[PDB]
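*Asks:* Chains as they are written, first to last, in PDB author numbering: chain A, 3 to 469; chain B, 3 to 469.
There are 2 protein chains.
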Amino acid sequence: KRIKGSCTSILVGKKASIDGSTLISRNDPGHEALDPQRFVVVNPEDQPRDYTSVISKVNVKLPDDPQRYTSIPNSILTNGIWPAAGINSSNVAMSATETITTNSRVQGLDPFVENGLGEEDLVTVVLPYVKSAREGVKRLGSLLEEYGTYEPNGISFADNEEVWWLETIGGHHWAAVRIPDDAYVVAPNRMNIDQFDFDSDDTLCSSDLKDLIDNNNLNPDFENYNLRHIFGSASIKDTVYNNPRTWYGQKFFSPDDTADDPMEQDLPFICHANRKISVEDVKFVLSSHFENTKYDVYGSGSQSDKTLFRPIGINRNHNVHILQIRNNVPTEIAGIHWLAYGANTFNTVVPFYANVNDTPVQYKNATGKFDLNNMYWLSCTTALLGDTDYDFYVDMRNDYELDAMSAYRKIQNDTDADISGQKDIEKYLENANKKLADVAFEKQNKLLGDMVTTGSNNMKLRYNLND
Amino acid sequence: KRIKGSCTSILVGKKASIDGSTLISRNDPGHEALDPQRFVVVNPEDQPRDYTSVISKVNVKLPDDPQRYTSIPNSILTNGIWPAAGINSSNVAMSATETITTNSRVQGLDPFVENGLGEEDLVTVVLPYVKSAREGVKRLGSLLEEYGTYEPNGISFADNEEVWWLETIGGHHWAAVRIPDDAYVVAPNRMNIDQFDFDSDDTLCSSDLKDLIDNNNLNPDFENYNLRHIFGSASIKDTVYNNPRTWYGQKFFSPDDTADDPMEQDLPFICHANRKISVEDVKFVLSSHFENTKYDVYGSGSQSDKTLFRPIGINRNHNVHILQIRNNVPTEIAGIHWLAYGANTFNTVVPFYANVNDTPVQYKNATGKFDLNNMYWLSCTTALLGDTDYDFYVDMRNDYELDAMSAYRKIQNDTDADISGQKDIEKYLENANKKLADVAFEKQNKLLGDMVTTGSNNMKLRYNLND
Ligand SMILES: [Co+2]
Ligand SMILES: [Co+2]
Ligand SMILES: [Co+2]
């Protein structure tokens, strides 16, 4: 047995969002436990042409024309801080942090390959060599066929037009679905793809997948093809660890199409919300642990409805990551990395422009010993002070996030609105990303001050007396 | 009154399964507690021609042409280790470990015969002399009429075409139903056969059964014949000990045709699933404790709608045995003994080929004192280590079972795919069986290492903390 944790992905098609962007997202648990959030640029320079896989050490030959891409690194690993997600210079987004499920019937036919690729390799070997989400699908599929994989994975791709969800199937097979423009998906650590039309333009798969199913008695259904019925799981672990997370998201976006059983094994894959979806919505769902009277995590009653469902995106590590490819803006400022910051219950997402060659100084320094001029330690301070009397800080937490998002959006809007006469767009965007980093810091500083100010004024008469 | 245990049987017709096989199954009563369980081949020589019944010592003369059959034994008795189930060289499967019920009106007419056959005799005196599921039914019926029985029993027979369920009735009578091709049955320790057509090609019974009923006011119903209404029980014990097990299986396979009362006395015998049934499905149901939200064994809060409704297969004594006769392959490799291994919450089923003259060296040795090279002792260790922190080990346990099953199926598929050019099929299958026993061992060995490794690092920062 080995490594890896719990993740929830939300995909939004370009007509399903409030601003016409595509959205792919994820929340992330860490394995060891320090979470300084960094984002990194990988220039064609730094891209290997003879790549060696992280766990398996197999050697992979990569094309010689890699695109610059921005990367979001991860946990403790067995070989270097591999990219979990990213946006390349063609505005293609990819995220490969969603472990899914399988079953023993297909594994008996196409087993995990112990010397295969793992999810740690996927962004590196796919993202720099494709100019569309759909190319991302075909290239990854072709690489699974060639090198195999030792894991069950779900991978999201997006560009300004399309969103694709790819699922690996056994050691070498795969299947993928184009999310409709007006649709959204909530996907936990369980194989998600349901009804599947091999003919469709909206689908892609191993060229032998249908024959693989038909010739080996893999299909449990009397009619049609449901890929997660065929290749996935419907286990006991799913009902408490995966399905309630799907259910919760679908209850939020589609309250009138979603019944009341968080354990349901056949919640639809593709959904239609009753309204357009914002970045704030996605952030909330990826942050929120089922909270209305039902399933806190936790407080006032019940706990006969509790302890045994799985919180999102809290257990914790709490990093929400949202990749947005916008429309109706010049293509050079379209790619946005909404990066987590962080941390505890005081996390926000900061909208960095992805189209840059260098990063704000904060994300290459240390992050050595405690220093309140450093964003990490300031966050840790705010985090720790937060659990003092935490529902004395619950209402100033919501104001903090609101006020910080507001400040981030002001910068994004001002930057977008003044793009037209700029002679150096890349430096222009570097400067915006540095304004964002600065206000993210200033906001948490204002937060530390407000907590201490009102805390010292409450602790003062939690000690009881006088007029 | 005297000996015996709790059993649940599941029967699947050849069009009801995912792979075109017939399935008969049972989970296994603990006798006392010796649960290293054997796999045994019985050659025609070792078959008595003058058989002596186990308890009653009555003498039964058997034909002189017995077929080779594989047998699955037990522990404690007053005489030996009788075969509970088996597959013969004609690919007929039989299982006789399902005690049922009766009533005083039929017993008042045809009492149990104190010196008759009991379930310990049935496989031995039926299986070696029949070439079809249906012949097994006719022979058992004839043997009950002749020697009588002291018990109420349910017996399943299968070949590659048909599945039959026979129920003994009083001292000498019996009735049997052919399970339809597209149907399945969940049958606990209660007389199961309901609506009954004497005329039918799909039924067999005592030639006087209808007359017995009509002439003795045995029929409680205004119209037609329901055999368990007439001959069986609808008792208080049935509502908590039998019916919930039936209900649970029917909820799992036929969720939209099954209501929500587990105590229901009139759940149908024959059922139609909403999907095709896998070996994995059958294993899960025969293993599973009634879970989720309502009634575990045991759990959530608060424990009186959580009950005297009892777990199958937790009492505990979890040996799942599935007899499969495949179609889809040559007849020489069609009979599969899915055998338990085992044990505690750490059991899997291994698909041993039944068409062999010898058994893996595993099931011929001692079974002496503690030795970690022995499958039994290795199993006890992982089992005991399992109840330290039982849901620190539950998620690596679901992966253990999944991963072992996959490795088994890989071997099964490879063995099957290369059968046509084999010159010594018997030696070929013995070798495959030895691969299976080995990998099952190897897989349990890897589990011990993984359990100890993760255990050694979690209880170790019961430090209560810090990096
Ligand atoms: Co067509
Ligand atoms: Co350009
Ligand atoms: Co039918």
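Even for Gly, the Cβ is constructed at its ideal location relative to N, Cα and C.
Would you kindly report the start and end of the unbroken beta strand (DSSP E) that includes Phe354(B)?
*Replies:* Your numbering for residue 354(B) matches position 352 in the second sequence. That run of the beta strand (DSSP E) goes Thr350 to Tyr355.
*Asks:* Could you tell me how far apart the beta carbons of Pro68(B) and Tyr131(B) are, in whole angstroms, since I believe they sit closer than 8 Å?
*Replies:* Residue mapping note: residue 68(B) aligns to position 66 of the second sequence, counting from 1. Residue mapping note: residue 131(B) aligns to position 129 of the second sequence, counting from 1. Confirmed, Cβ separation roughly 6 Å.
*Asks:* Along the chain, where does the beta strand (DSSP E) containing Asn61(A) start, and where does it finish?
*Replies:* As a first step, residue 61(A) is located in the first sequence; it is residue number 59 there, counting from the start. Its beta strand (DSSP E) spans residues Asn61 to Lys63.
*Asks:* In terms of residue numbering, what span does the beta strand (DSSP E) encompassing residue 478(A) cover?
*Replies:* This structure cannot speak to residue 478(A), because chain A is shown only from 3 to 469.
*Asks:* For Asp52(A), which beta-bridge partners are listed by DSSP?
*Replies:* Residue numbering aside, residue 52(A) sits at position 50 when the first sequence is read from its first letter. Answer is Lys63(A).
*Asks:* Does the beta carbon of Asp298(A) sit closer than 8 Å to a beta carbon anywhere in chain B?
*Replies:* As a first step, residue 298(A) is located in the first sequence; it is residue number 296 there, counting from the start. No, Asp298(A) does not count as interfacial toward chain B.
*Asks:* Between the beta-carbon of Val56(B) and the beta-carbon of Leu79(B), is there less than 8 Å?
*Replies:* By 1-based counting over the second sequence, the position of residue 56(B) is 54. By 1-based counting over the second sequence, the position of residue 79(B) is 77. Cβ atoms of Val56(B) and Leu79(B): closer than 8 Å.
*Asks:* Are the Cβ atoms of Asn357(A) and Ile327(A) separated by less than 8 Å?
*Replies:* Position 355 of the first sequence holds residue 357(A). Position 325 of the first sequence holds residue 327(A). Not closer than 8 Å, so no.
*Asks:* With ligand 3 as the reference, list in chain order each residue whose Cβ lies under 5 Å from any of its heavy atoms.
*Replies:* The set, ordered by position in the chain, is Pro182(B) and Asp184(B).
*Asks:* Nearest by alpha-carbon distance to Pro257(A): which of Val242(A), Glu266(A), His274(A) and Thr241(A) is it?
*Replies:* In the first sequence, the residue the question calls residue 257(A) occupies position 255. Of the candidates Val242(A), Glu266(A), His274(A) and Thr241(A), the one whose C-alpha sits nearest the C-alpha of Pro257(A) is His274(A).
*Asks:* According to the neighbour-count rule (16 or more other Cβ atoms, all chains shown, within 10 Å of its Cβ), is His175(A) buried or exposed?
*Replies:* The sequence position of residue 175(A) within the first sequence is 173, counting from 1. Buried, because 16 or more other Cβ atoms sit within 10 Å of the Cβ of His175(A).
*Asks:* Spatial neighbours of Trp340(B) within its chain, please: C-beta separation below 6 Å, excluding the five flanking residues on both sides.
*Replies:* As a first step, residue 340(B) is located in the second sequence; it is residue number 338 there, counting from the start. These residues qualify, in order along the chain: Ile324, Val351 and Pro353.
*Asks:* Just the chain A side, please: which residues come within less than 8 Å of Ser280(B) by C-beta, in chain order?
*Replies:* On the second sequence, position 278 is the one that residue 280(B) refers to. Those within 8 Å of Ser280(B) in chain A are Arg107 and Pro222.
*Asks:* Once the 5 residues before and after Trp84(A) are set aside, which same chain residues still bring their CB inside 8 Å of it?
*Replies:* The sequence position of residue 84(A) within the first sequence is 82, counting from 1. These residues qualify, in order along the chain: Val56, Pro75, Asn76, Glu122, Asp123, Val125 and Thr126.
*Asks:* Taking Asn76(B) as part of the alpha helix (DSSP H), name the residues at either end of that continuous run.
*Replies:* The count along the second sequence starts at 1 and reaches residue 76(B) at position 74. It is not in any alpha helix (DSSP H) - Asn76(B) carries neither H nor E in the DSSP assignment.
*Asks:* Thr170(A) by DSSP, collapsed to three states: which one?
*Replies:* Indexing the first sequence from 1 puts residue 170(A) at position 168. Strand.
*Asks:* Contact criterion: CB-CB distance below 8 Å. Does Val242(A) meet it with respect to chain B?
*Replies:* Walking along the first sequence from the start, residue 242(A) turns up at place 240. With 8 Å as the cut-off, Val242(A) counts as an interface residue toward chain B.
*Asks:* Please classify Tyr392(A): is it buried, with 16 or more other beta-carbons within 10 angstroms of its beta-carbon, or exposed?
*Replies:* The count along the first sequence starts at 1 and reaches residue 392(A) at position 390. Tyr392(A) should be labelled exposed.
*Asks:* In the structure shown, what three-state DSSP assignment does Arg107(B) receive?
*Replies:* Counting from one through the second sequence, the residue named residue 107(B) turns up at place 105. Helix.
*Asks:* Assuming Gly156(A) and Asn194(A) make a contact with CB atoms under 8 Å, what is their CB distance in whole Å?
*Replies:* Counting from one through the first sequence, the residue named residue 156(A) turns up at place 154. Counting from one through the first sequence, the residue named residue 194(A) turns up at place 192. The pair is a contact, with the Cβ atoms about 7 Å apart (cut-off 8 Å).
*Asks:* Hey, is the region 173-191 of chain B in contact with the region 10-18 of chain B, meaning 3+ C-beta pairs nearer than 8 Å?
*Replies:* A contact exists between the region 173-191 of chain B and the region 10-18 of chain B.
*Asks:* Check this for me: beta carbons of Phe233(A) and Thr104(A), under 8 Å apart or not?
*Replies:* What you label residue 233(A) is simply residue 231 of the first sequence in a count that begins at 1. What you label residue 104(A) is simply residue 102 of the first sequence in a count that begins at 1. Yes, they are a contact pair.
*Asks:* Out of curiosity, what's the CA-to-CA distance linking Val165(B) and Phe254(B)?
*Replies:* Counted from its first residue, the second sequence places residue 165(B) at position 163. Counted from its first residue, the second sequence places residue 254(B) at position 252. Each residue's alpha carbon lies about 21 Å from the other.
*Asks:* Scan the region 388-408 of chain B for residues whose Cβ lies nearer than 9 Å to a Cβ of chain A and list them as they occur along the chain.
*Replies:* Cβ contacts with chain A: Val396, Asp397, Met398, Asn400, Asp401, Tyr402, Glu403, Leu404, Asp405, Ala406, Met407 and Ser408.
*Asks:* Where do the ends of the beta strand (DSSP E) carrying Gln326(B) lie?
*Replies:* For this step, residue 326(B) is matched to residue 324 along the second sequence. Run containing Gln326(B): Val322 to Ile327, per the beta strand (DSSP E) assignment.
*Asks:* How is the beta strand (DSSP E) around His175(A) delimited, first residue to last?
*Replies:* Reading the first sequence from its first residue, position 173 is the one you call residue 175(A). Run containing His175(A): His175 to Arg180, per the beta strand (DSSP E) assignment.
*Asks:* Would you call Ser208(A) buried or exposed, if buried means 16 or more other Cβ atoms sit within 10 Å of its Cβ?
*Replies:* Walking along the first sequence from the start, residue 208(A) turns up at place 206. It counts as buried.
*Asks:* Going by other Cβ atoms of all chains shown within 10 Å of its Cβ, with 16 needed for buried, is residue 1(A) buried or exposed?
*Replies:* No information on residue 1(A) is available, as it lies outside the stretch 3 to 469 that chain A covers here.
*Asks:* Taking 7 Å as the cut-off, is the C-beta of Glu432(A) nearer than that to any heavy atom in ligand 2?
*Replies:* For the purposes of this step, residue 432(A) is taken as residue 430 along the first sequence, with counting starting at 1. No, ligand 2 has no heavy atom inside 7 Å of this Cβ.
*Asks:* Residues of chain B with CB closer than 8 Å to the CB of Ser306(A), please, in chain order.
*Replies:* Counting from 1 along the first sequence, the entry for residue 306(A) is found at position 304. Neighbours of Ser306(A) on chain B, chain order: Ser302, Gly303 and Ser304.
*Asks:* Helix, strand or coil, according to DSSP, for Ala336(A) in the structure here?
*Replies:* Counting from 1 along the first sequence, the entry for residue 336(A) is found at position 334. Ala336(A) falls in the coil class under three-state DSSP.
*Asks:* For chain A, is any of its Cβ atoms less than 8 Å away from the one on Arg328(B)?
*Replies:* Counting from one through the second sequence, the residue named residue 328(B) turns up at place 326. Closer than 8 Å: no.
*Asks:* From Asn321(B), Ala261(B) and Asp262(B), pick the residue whose C-alpha is nearest to that of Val287(B); which is it?
*Replies:* Here residue 287(B) refers to the residue found at position 285 when the second sequence is read from its first residue. Nearest C-alpha to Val287(B): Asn321(B).
*Asks:* In terms of residues, what are the limits of the alpha helix (DSSP H) holding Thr455(B)?
*Replies:* By one-based count along the second sequence, residue 455(B) stands at place 453. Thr455(B) -> alpha helix (DSSP H) spans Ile427 to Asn460.
*Asks:* Does ligand 1 have a heavy atom nearer than 7 Å to the CB of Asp204(A)?
*Replies:* Indexing the first sequence from 1 puts residue 204(A) at position 202. No, the Cβ of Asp204(A) stays beyond 7 Å of every heavy atom of ligand 1.
*Asks:* So, under 8 Å CB-CB, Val62(A) and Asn294(B) are touching, yes? Tell me the CB distance rounded to an integer number of Å.
*Replies:* One-based indexing of the first sequence puts residue 62(A) at position 60. One-based indexing of the second sequence puts residue 294(B) at position 292. Rounded, the Cβ-Cβ distance is 43 Å, inconsistent with contact.
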